[PDB]
Structure formats: C-alpha cells, structure tokens
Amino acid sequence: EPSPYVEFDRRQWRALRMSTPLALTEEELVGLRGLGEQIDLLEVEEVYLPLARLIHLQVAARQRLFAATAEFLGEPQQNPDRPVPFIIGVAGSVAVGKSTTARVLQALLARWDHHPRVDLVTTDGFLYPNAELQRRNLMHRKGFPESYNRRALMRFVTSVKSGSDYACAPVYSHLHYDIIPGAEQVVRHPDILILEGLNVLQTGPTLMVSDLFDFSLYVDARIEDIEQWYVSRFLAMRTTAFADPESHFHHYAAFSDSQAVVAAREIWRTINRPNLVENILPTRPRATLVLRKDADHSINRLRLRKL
C-alpha cells in the first residue's frame, strides 16, 4: 500500500551522489567528528554527499514558493543578495551523533559553488539557566521540551527567516553545564541556518520552529545502542571533559569503570531515555530524512519523505 516515505540502503543511496564533489580533507573531517563517532570520508561520500545534493536541488525549488507569494502580494521581487534563509533542522537523541551530523552538513554546504553563508545553531543556548531550572523544578528534566525557552527560540528562528539583518542567541557551556552569562551568538542573514537540537522537530498548540523548517534531519539508532554509546562516552569523558577541574562533573573523573557505568545508566534511565521515548521519537515521522545508524555508528539505512 501507498506510503509517504521511501527507504534506501547505503548502496541505493550513494548512487544518488552523481557528480557531487568531495570538498573535505581528512583532517577537516576530524575537527568535525565528535567523541565516539566513527564517520570517515567514505561515509561523507556515500551518505552526506547525496544529501547535500538533494538539498541544493530544493533550496532552488523552495525559493520559488516565496517568489509566488511575493508575486501574489504584489511585493517587489527581493534582493538576490539576500534571499529567504533556508532552515534545516537536525534532531535525535542525546549521544546519537546529531551534532557531528550537523557540523558535517554545514561544512559541505558552505563549500558549494558560491560559498553560501551557512550558520549552525544548537538549541542548547535556549535552555533555561540551571538556577531557573531548579526554580521550575526541572533539573532532572533538562533536555525535555519545557526545559527550553521555546518562546525565545521561536523568536530567534522567526527573526532570521523573516530576513532580519542579524539575530542573537544565548550560549550554552557543556563544561560548566549551564548557560554562559552575557555570551551571544550572532547570526547575520545567512543563506542557510541549521538548527540542531533534541526537541527541534516538535509540534504544538502554537506555531513552532519545526513549522519553519524547509528541510529536517533525524539521526536515528536502536535505543539500546544509543544507551551504549552514552555510557561509553561517559566513561571516556573521565579523561577528557570531566578531567578538567573546571568541569561541573569533575567528580565523575575519579569514578571506576564500574561506578561510572552505574551512574551513566541511572542518568540515562531516569532522564535521557524517557525524553527520547516520550518526546524525541514521536517527532521522527515528520523528518524529511531519517539517517539510521547501526550499532557501529555506521549509517546503512535511510528513510526519505517523498510526501
């Protein structure tokens, strides 16, 4: 029976690369790769290149839609030096690799013929300060939809897509586990804005950020595998992030493999998994493209929305 989607295996998907040129060195790929990710240039070729193609094909097609409405309104026919920003959302669980996926996407798109302005913004910057979370009693729901200033987020994305000359966003520090006082990320009328976050594909009783997406990505994986990557990355951070005396979780550095496994599992069981199950996964059906990852972090299956 009919379906809104169409599924590919890596073999079928890479065929769609065509003449798309690889403009990324191995050393650049490394500075984009997050702890735990196994992505190599081969994957950038067989998975991320066809994706970059499909996107530029549509950046063109999506512009005709705003054209048509501008014509209808009798408005001018706006500046080709400043078209309507193309918004891309990247969603998925904690520790599934969405940040790496989003950084890689930004790199490939910024290296297209013209050299379009491609900004990347994470929703982390819109989380409430820890003091405000404790106030709202949400310290153990950090990551959940309500742990974000969704109003400020929508204001930011709306501002940008509406053609503002510049829009600002707060900044989050993973090291201190909190928002940074006075820090800001300035986005200046980019050609493309990638919004990466747990909650980005979310819908609701009010117009939301996902309603402004022109394209969306959902980095997927078997839940038991994501837990493994989570715990695994947690033990690994004892000697990276947590090893920093300034780290909010510096106490975790001295944990034993066993103590660490227990702690990481409890956090996953009580916080990230519930959120993934109750809020993130339910948004997956709406993603334009779902990148399915095998236990080895490898992307071997994809689900595209044709409707």
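We call the rigid core whatever largest set of C-alpha positions still superposes within 1.5 Å between the two forms. Residue numbers run from 1 along the displayed sequence.
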| property | result |
| --- | --- |
| Larger mean CA deviation from the shown form in 8 other deposited structures of this protein [core fit; 160 to 168 vs 79 to 87] | 79 to 87 |
| Of 70 to 78 and 224 to 232, the one with larger mean CA B-factor | 70 to 78 |
| Average Cα temperature factor in the PDB entry - higher stretch of 291 to 299, 18 to 26 | 18 to 26 |
| Criterion, highest CA B-factor; candidates, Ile280, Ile271, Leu57, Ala241 | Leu57 |
| Given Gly97, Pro83, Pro145, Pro170, the residue at which the Cα B factor reaches its maximum | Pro83 |
| Entry-reported Cα temperature factor of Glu184, expressed as the chain third it lands in | middle |
| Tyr177 - Cα temperature factor, lowest/middle/highest third of chain | middle |
| Lowest, middle or highest third - CA B-factor, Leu42 | highest |
| Where the record places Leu276 (Cα B-factor, split into thirds across the chain) | lowest |
| Ranked C-alpha temperature factor of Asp119 among modelled chain residues, by third | middle |
